[PDB]
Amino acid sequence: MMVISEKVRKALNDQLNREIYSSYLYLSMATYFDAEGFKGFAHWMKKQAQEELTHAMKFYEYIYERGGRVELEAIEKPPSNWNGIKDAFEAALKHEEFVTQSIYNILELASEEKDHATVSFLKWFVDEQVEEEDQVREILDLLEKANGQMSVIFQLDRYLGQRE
């Protein structure tokens, strides 16, 4: 059997695939940062790529817990270049704002269908998306306040390069 509906199985599978793209996007942003000598922003993005894969593999395991199957879809080629560190991090946030709506959308579907086990599974991703967004809002506020003082940007590079 499948104790989840197929509209829900598919929204979950759709979201697993979105997390994979998100992982690959941030790896793409790391390539831009690495090319521009910002090895610390690059390490932050690599760490974030790995995080998205953790998100992806939570959806994977939930689908198999509830008797569905996962289908991997093609992954779009992501952007490889941005105009400045700010432009990249703004793209990060717009994407995370998009991931946040995607999750809200799946949670209303689950709620509409009264699949409340999926609602409670998704609550963890709702909370985490607030960190995911504020993470980036914090970096953007610091880049902004940097003016363009390269001493300050490099101070931020090095500290984001300590991400555990």
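The first residue of the shown sequence is 1; numbering continues from there.
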(request) Would you determine, from the values in the PDB entry, which of 49-57 and 104-112 has the greater average C-alpha temperature factor? (result) 104-112
(message) Based on the deposited C-alpha B factors for this chain, I'd like to know if residue 117 is in the lowest, middle or highest third.
(response) highest
(request) Would you mind checking where the Cα B-factor of residue 40 ranks among the modelled residues of its chain, as the lowest, middle or highest third? (result) highest
(request) Would you mind ranking residue 92 by its C-alpha B-factor against the rest of the chain and naming the third, lowest, middle or highest? (result) lowest
(request) Just say lowest, middle or highest third for the CA B-factor of residue 140 relative to the other modelled residues in its chain. (result) middle
(request) Would you mind checking where the Cα B-factor of residue 16 ranks among the modelled residues of its chain, as the lowest, middle or highest third? (result) lowest
